[PDB]
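Contents: one structure, followed by commentary.
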Amino acid sequence: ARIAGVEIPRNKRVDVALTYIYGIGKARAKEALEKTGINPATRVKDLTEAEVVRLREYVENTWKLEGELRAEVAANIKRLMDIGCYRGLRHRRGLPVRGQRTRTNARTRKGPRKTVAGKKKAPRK
Amino acid sequence: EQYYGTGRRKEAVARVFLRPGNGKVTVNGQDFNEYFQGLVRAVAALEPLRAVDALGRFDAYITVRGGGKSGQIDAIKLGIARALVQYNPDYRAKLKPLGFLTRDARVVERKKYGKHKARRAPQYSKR
Amino acid sequence: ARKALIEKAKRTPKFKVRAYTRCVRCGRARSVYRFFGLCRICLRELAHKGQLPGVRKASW
Amino acid sequence: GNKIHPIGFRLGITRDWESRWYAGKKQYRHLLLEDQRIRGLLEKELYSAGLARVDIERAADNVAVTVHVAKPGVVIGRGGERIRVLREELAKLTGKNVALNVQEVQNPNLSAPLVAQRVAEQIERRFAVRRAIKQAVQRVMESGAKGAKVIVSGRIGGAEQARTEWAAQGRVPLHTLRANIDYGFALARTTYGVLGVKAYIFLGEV
Amino acid sequence: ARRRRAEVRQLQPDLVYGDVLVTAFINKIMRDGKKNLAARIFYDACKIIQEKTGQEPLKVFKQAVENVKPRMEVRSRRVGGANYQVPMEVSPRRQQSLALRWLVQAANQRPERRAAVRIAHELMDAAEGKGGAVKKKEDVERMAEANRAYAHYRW
Amino acid sequence: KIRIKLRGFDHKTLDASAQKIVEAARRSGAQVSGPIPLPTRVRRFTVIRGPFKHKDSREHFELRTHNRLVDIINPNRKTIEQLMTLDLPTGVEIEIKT
Amino acid sequence: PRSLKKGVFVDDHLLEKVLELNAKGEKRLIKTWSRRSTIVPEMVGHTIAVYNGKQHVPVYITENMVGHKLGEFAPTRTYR
Amino acid sequence: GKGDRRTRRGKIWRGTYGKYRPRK
RNA sequence: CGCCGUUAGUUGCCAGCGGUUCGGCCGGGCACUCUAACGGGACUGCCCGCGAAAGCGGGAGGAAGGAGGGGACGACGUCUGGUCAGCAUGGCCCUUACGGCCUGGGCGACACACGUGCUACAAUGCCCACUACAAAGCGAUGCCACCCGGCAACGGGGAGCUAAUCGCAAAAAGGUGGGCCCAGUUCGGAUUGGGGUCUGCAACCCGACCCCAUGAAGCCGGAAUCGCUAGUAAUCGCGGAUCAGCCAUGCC
Ligand SMILES: [Mg+2]
Ligand SMILES: [Mg+2]
Ligand SMILES: [Mg+2]
Ligand SMILES: [Mg+2]
Ligand SMILES: [Mg+2]
Ligand SMILES: [Mg+2]
Ligand SMILES: [Mg+2]
Ligand SMILES: [Mg+2]
Ligand SMILES: [Mg+2]
Ligand SMILES: [Mg+2]
Ligand SMILES: [Mg+2]
Ligand SMILES: [Mg+2]
Ligand SMILES: [Mg+2]
Ligand SMILES: [Mg+2]
Ligand SMILES: [Mg+2]
Ligand SMILES: [Mg+2]
Ligand SMILES: [Mg+2]
Ligand SMILES: [Mg+2]
Ligand SMILES: [Mg+2]
Ligand SMILES: [Zn+2]
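Protein chains in written order, with the deposited numbering: chain M, 2 to 126; chain I, 2 to 128; chain N, 2 to 61; chain C, 2 to 207; chain G, 2 to 156; chain J, 3 to 100; chain S, 2 to 81; chain V, 2 to 25.
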């Protein structure tokens with residue numbers, strides 16, 4: 002059904018389904034099911050309208066999820082770019098932030114390789 | 002009453018005790034068929050028996066330690082053929098030509114420096 | 002290394018996290034087997050001289 | 002770049018250890034250091050005695066020390082003199098009540114270390130390298146020995162392009178553990194750099 | 002093999018059919034030295050052979066194997082020019098192995114969700130002369146010989 | 003109890019530690035529990051053969067520490083004055099804790 | 002991921018120097034080399050010259066900056 | 002796989018312990 | 001390392017008896033396994049065939065047969081090979097700095113390129129639960145059983161070990177049950193937000209581990225190219241050196 006704000010999981014197990022929501026996955030599913038009282042195993046189709054409700058009125062009113070998360074997280078980063086902060090510069094620049102190496106391997110944070118040339122004579126090794 | 006053989010395979014040592022009986026084997030305080038549970042080998046550790054006519058004419062209790070159950074399996078396979086020679090020693094006529102009394106001296110090879118895995122040498126670049 | 006830098010000898014190092022072994026023999030700071038107090042080479046050299054007891058070459 | 006140490010190679014057999022004790026992990030470290038400290042002293046103030054090996058046994062505070070010299074005059078001194086100063090020179094550093102037995106070397110030219118030094122001593126004095134060596138070997142051969150070999154490294158004759166000089170007679174079966182092949186090395190500090198001197202002496206099988 | 006000739010290893014016979022042409026097949030099904038997995042795959046495959054046909058699996062197995070091994074293949078060679086695909090015989094020990102291998106590879110091409118089922122259906126289909134695997138055999142033999150022109154390197 | 007565990011670096015020299023330490027209360031004296039082996043502890047050092055680079059040569063050393071048990075059952079004190087005051091080997095150690 | 006449990010470290014060379022300036026006026030530029038000291042409420046308002054390994058730096062210290070360390074605001078190496 | 006730290010086997014590789022691989 | 005023997009029983013067990021809190025737990029044995037010492041065994045010795053002889057081929061007996069398997073062991077010399085930065089050492093050079101002490105930063109930078117690796121792209125698989133079977137090691141300014149607190153890292157208590165006796169210690173693939181349904185997924189675990197624990201005077205630059213959220217690339221890799229002949233490759237985990245901690249996926 003429509004468990005969390007503007008979101009809709011279906012037709013696989015409920016615990017796996019709620020993963021499809023933003024601030025939720027396994028860990029928060031195993032919990033919000035045990036605490037809500039629904040068997041984790043049933044397909045989403047087989048949930049009592051009453052059950053979906055006990056789930057939805059819990060999951061929403063107990064956790065920062067979806068947009069409310071991914072917009073505050075984005076603002077949680079603007080804060081670092083707001084002040085002087087290193088990670089802020091490191092966010093502006095677009096490089097690692099967890100103090101990794103950048104000479105090889107920042108490919109995920111940078112994006113695909115922007116290849117350039119060499120010099121005159123040198124090893125083309 | 003008693004009959005005995007040792008048996009070894011990759012530092013795995015079985016202790017075999019043959020006794021007149023019904024075929025009910027017991028390894029480490031357990032049924033032979035529920036200690037080697039699911040291992041499709043296992044039934045292969047008795048091959049000296051079903052090849053000199055034994056099996057259910059005999060019973061066997063067994064101490065085993067060191068290694069992993071397949072070595073433990075082969076070390077039994079030996080230990081029985083040994084105890085079975087401590088019986089009628091003529092058990093060799095049609096027992097030795099089949100192997101059984103041999104001791105597979107194949108052992109894990111030493112890890113050597115400059116290689117990853119004794120023989121697996123490190124790969125390289127520009128020759 | 003520099004004879005000056007030989008001062009792990011310097012008993013008080015303010016805090017232990019500045020304390021660092023050197024080879025008692027050659028002063029190397031970089032392969033000091035705790036047991037012996039020797040570095041990689043000093044270890045091998047003395048071993049061959051037979052000056053550190055009960056140490057053979059291992060073969061297995 | 003080849004060749005292991007003919008002593009260290011044979012250590013289990015033919016040739017035994019120089020230091021000779023036992024010690025837990027909390028001990029060995031500074032204990033062994035001491036042993037070397039004693040060896041270090043036992044060459045500065047003991048050079049001219051012509052010393053081969055400094056054995057060092059040990060029980061709990063019965064640190065042996067058993068200096069092997071060819072000329073046990075200079076070790077003992079005039080009367081029993083020099084060996085009194087040194088026994089209490091080993092007490093200044095090692096607080097562990099030491100001995101200092103001294104066993105003479107019967108035939109110095111059958112112990113490689115000594116041989117090796119005589120050759121090095123000759124060269125530090127300016128001398129005939131290529132001759133000195135063949136001499137040094139003949140001595141080790143006229144003194145018995147089933148064979149012997151001596152090597153001086155390079156900058157031979159105060160030269161320019163380092164060399165390596167040879168000379169070897171009889172058998173020197175470097176690959177066999179049933180050997181007994183003394184090995185000694187002497188430095189030879191000269192006017193123009195060092196020169197390594199190795200000596201080998203084969204004396205009998207089993 | 003510069004020096005000697007190398008003997009084929011004599012593999013310990015089966016535990017259920019007592020056949021060495023089986024542990025042969027079982028080794029090839031094996032990966033990363035997990036032999037128990039392999040047996041559990043194959044003996045299971047035998048149980049599915051028995052379901053979808055009254056025939057003993059061991060005569061079904063051997064049937065497909067014989068049906069797969071090639072009588073000819075090609076082997077590149079040169080003196081000059083370019084690599085000439087030379088047709089030639091397939092010496093029995095190799096027919097044995099080429100068949101076993103292709104069988105397994107072909108088996109693992111199938112869409113069948115699990116192995117054993119894959120093995121069964123591939124073991125079956127090959128007995129019936131169809132099912133890719135025999136693709137290799139035929140498309141080997143057909144592609145060899147089609148270079149008859151270069152068969153004058155008999156060996 | 004008369005704990006007497008012997009440990010050094012040489013095994014030839016741990017016979018000059020169990021033989022006379024039994025040949026004292028062996029057939030004349032008491033009984034003795036016989037010199038029992040006890041597994042040894044070896045320590046490997048793996049030094050790189052040259053100074054400077056050549057990552058792949060190395061050379062292995064070891065420092066084997068051999069053991070024995072003994073334990074003199076039924077302790078008359080006459081053997082003791084003979085046992086506690088008779089020794090021979092240098093590089094050996096004794097532990098005594100009844 | 003943060004890290005410090007209890008004893009939220011703030012080096013003391015300027016821990017009292019910051020609050021000795023909270024007895025009168027906020028003195029302009031009170032340089033340190035302890036880029037390791039955490040910012041703490043009594044630091045709000047001042048201006049700390051943190052070293053680079055090369056230069057001290059005018060770090061005007063606001064309200065958002067608190068959990069952090071000064072070094073986070075005095076960038077070391079310099080880039081293309 | 003051995004990469005995920007929220008797995009049993011990802012924790013055996015790490016040689017560590019946690020919610021995902023308790024120490025008995 | 002592989003077979004057997006003698007010596008040795010605070011490790012060993014329905015071998016064989018007594019008790020059982022059914023735990024070798026206890027009395028008690030040293031047979032067996034094992035631990036670590038000393039031996040025996042193997043040499044083409046025996047057999048058939050070819051050979052002038054060495055030797056070659058098969059066969060027997062045997063744990064093993066032709067070098068049974070793996071080490072350690074590197075000839076005269078070669079590359080004016082590497083190392084003045086481990087250490088020596090000739091010469092040359094600096095001597096209010098080319099020496100010395102500090103605090104801080106850098107060796108961890110990032111348009112890019114290569115080497116060696118790790119984790120993958122999955123069903124011969126991933127997850128969870130339960131249940132087996134190792135070897136080699138390390139350990140008192142230590143390893144930490146066990147009991148509490150905590151989702152956990154870990155914190156507070158606390159037994160035994162100076163170690164075949166106590167602990168690290170869980171081996172893991174495996175086996176039994178359960179789940180997942182072909183999907184960028186219950187594959188993969190990068191990245192980033194947040195909260196914590198720990199070691200250290202101190203974790204911003206720049207530590208490891210835990211938990212929550214995130215869940216990127218990756219559907220087996222162009223031209224090229226590497227390793228391995230048998231307990232090998234392949235795969236699975238376990239330990240050690242260095243070391244407060246750790247960037248180890250490295251090494252042994
Ligand atoms: Mg392996
Ligand atoms: Mg110097
Ligand atoms: Mg340190
Ligand atoms: Mg080599
Ligand atoms: Mg996963
Ligand atoms: Mg009873
Ligand atoms: Mg034995
Ligand atoms: Mg002959
Ligand atoms: Mg040789
Ligand atoms: Mg150079
Ligand atoms: Mg500094
Ligand atoms: Mg670097
Ligand atoms: Mg490169
Ligand atoms: Mg708890
Ligand atoms: Mg299942
Ligand atoms: Mg691939
Ligand atoms: Mg080969
Ligand atoms: Mg460590
Ligand atoms: Mg590691
Ligand atoms: Zn050194």
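We put the CB at the ideal spot given by N, CA and C, even for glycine.
Measure the Cβ-Cβ separation of residue i and residue j and say whether it is below 8 Å.
{"i": "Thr67 (chain C)", "j": "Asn102 (chain C)", "result": "yes"}
{"i": "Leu22 (chain G)", "j": "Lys63 (chain G)", "result": "yes"}
{"i": "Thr87 (chain J)", "j": "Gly31 (chain J)", "result": "no"}
{"i": "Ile120 (chain G)", "j": "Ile27 (chain G)", "result": "no"}
{"i": "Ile49 (chain G)", "j": "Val135 (chain G)", "result": "no"}
{"i": "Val120 (chain C)", "j": "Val153 (chain C)", "result": "yes"}
{"i": "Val17 (chain I)", "j": "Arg83 (chain I)", "result": "yes"}
{"i": "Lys32 (chain S)", "j": "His57 (chain S)", "result": "yes"}
{"i": "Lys22 (chain J)", "j": "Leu90 (chain J)", "result": "yes"}
{"i": "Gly100 (chain I)", "j": "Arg10 (chain I)", "result": "no"}
{"i": "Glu64 (chain J)", "j": "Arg46 (chain J)", "result": "yes"}
Leaving out five residues before and five after residue i in sequence, what residues of the same chain have Cβ atoms less than 6 Å from its Cβ?
{"i": "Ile50 (chain J)", "result": "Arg60"}
{"i": "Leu53 (chain N)", "result": "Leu47"}
{"i": "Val198 (chain C)", "result": "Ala117, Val120, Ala121, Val153, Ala187, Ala189"}
{"i": "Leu102 (chain I)", "result": "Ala82"}
{"i": "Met66 (chain S)", "result": "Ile40"}
Kindly give me the distance between the Cβ atoms of residue i and residue j, rounded to whole angstroms, as I take these residues to be in contact under 8 Å.
{"i": "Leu66 (chain M)", "j": "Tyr21 (chain M)", "result": "So it is not a contact: roughly 11 Å between Cβ atoms."}
{"i": "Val34 (chain J)", "j": "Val72 (chain J)", "result": "7 Å"}
{"i": "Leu12 (chain C)", "j": "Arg26 (chain N)", "result": "Going by Cβ atoms, the distance from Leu12 (chain C) to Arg26 (chain N) rounds to 20 Å, so no, they are not a contact pair."}
{"i": "residue 1 (chain C)", "j": "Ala187 (chain C)", "result": "Here chain C comprises residues numbered 2 to 207, so residue 1 (chain C) is not present and cannot be evaluated."}
{"i": "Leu71 (chain S)", "j": "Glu43 (chain S)", "result": "With a Cβ gap of about 14 Å, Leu71 (chain S) and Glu43 (chain S) do not count as contacting."}
{"i": "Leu178 (chain C)", "j": "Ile14 (chain C)", "result": "6 Å"}
Which same chain residues, not among the five before or five after residue i, have their C-beta less than 7 Å away from its C-beta?
{"i": "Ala43 (chain I)", "result": "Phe37, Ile74"}
{"i": "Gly148 (chain C)", "result": "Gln170, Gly171, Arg172, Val173, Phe203"}
{"i": "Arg111 (chain I)", "result": "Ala119"}
{"i": "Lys29 (chain G)", "result": "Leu101, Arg102, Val105"}
{"i": "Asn77 (chain M)", "result": "none"}
Can you give me the Cβ contacts of residue i inside the same chain, cut-off strictly under 8 Å, excluding the 5 residues immediately before and after it?
{"i": "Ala20 (chain N)", "result": "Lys9, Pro14"}
{"i": "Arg21 (chain C)", "result": "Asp56, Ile57, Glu58, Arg59, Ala65"}
{"i": "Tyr85 (chain G)", "result": "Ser77, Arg78, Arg79, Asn148, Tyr151"}
{"i": "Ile75 (chain J)", "result": "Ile4, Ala32, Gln33, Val34, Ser35"}
Scan the region 11-26 of chain G for residues whose Cβ lies nearer than 7 Å to a Cβ of chain I and list them as they occur along the chain.
-> Residues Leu16.
Near-chain J residues of the region 75-92 of chain I - C-beta to any C-beta below 9 Å = Those residues of the region 75-92 of chain I that come within reach of chain J (Cβ to Cβ, closer than 9 Å) do not exist; the list is empty.
Closer than 7 Å, Cβ to any Cβ of chain J: which residues of the region 92-124 of chain I, in chain order?
-> Answer in chain order: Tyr114, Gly115.
Chain-ordered residues of the region 48-64 of chain C with a beta carbon less than 8 Å from chain J = Against chain J - using a Cβ distance shorter than 8 Å - the residues of the region 48-64 of chain C are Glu58, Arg59, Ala60.
Who sits around ligand 20, taking every residue whose Cβ is closer than 6 Å to one of its heavy atoms?
-> Going by the Cβ distance cut-off, the answer is N:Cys24, N:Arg26, N:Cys27, N:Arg29, N:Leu39, N:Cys40, N:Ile42, N:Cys43.
Taking Cβ-Cβ distances below 7 Å as the criterion, which residues of the region 38-61 of chain J are in contact with chain I?
-> Within the region 38-61 of chain J, the residues whose Cβ lies closer than 7 Å to any Cβ of chain I are, in chain order, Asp58, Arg60.
Which residues, in order along the region 44-59 of chain I, keep a beta-carbon less than 7 Å from a beta-carbon of chain G?
-> Correct list: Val44, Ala45.
Using a Cβ-Cβ cut-off of less than 9 Å, list which residues of the region 12-36 of chain C approach chain N; keep chain order.
-> So the list reads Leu12, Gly13, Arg16, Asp17, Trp18, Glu19, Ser20, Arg21, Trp22, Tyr23, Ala24, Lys26, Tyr29, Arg30, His31, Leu33, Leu34, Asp36, given in the order they occur along the chain.
Please list the residues of the region 33-60 of chain M that have a C-beta atom closer than 7 Å to any C-beta atom in chain S, keeping them in chain order.
-> Across the region 33-60 of chain M, no CB contact with chain S closer than 7 Å is found for any residue.
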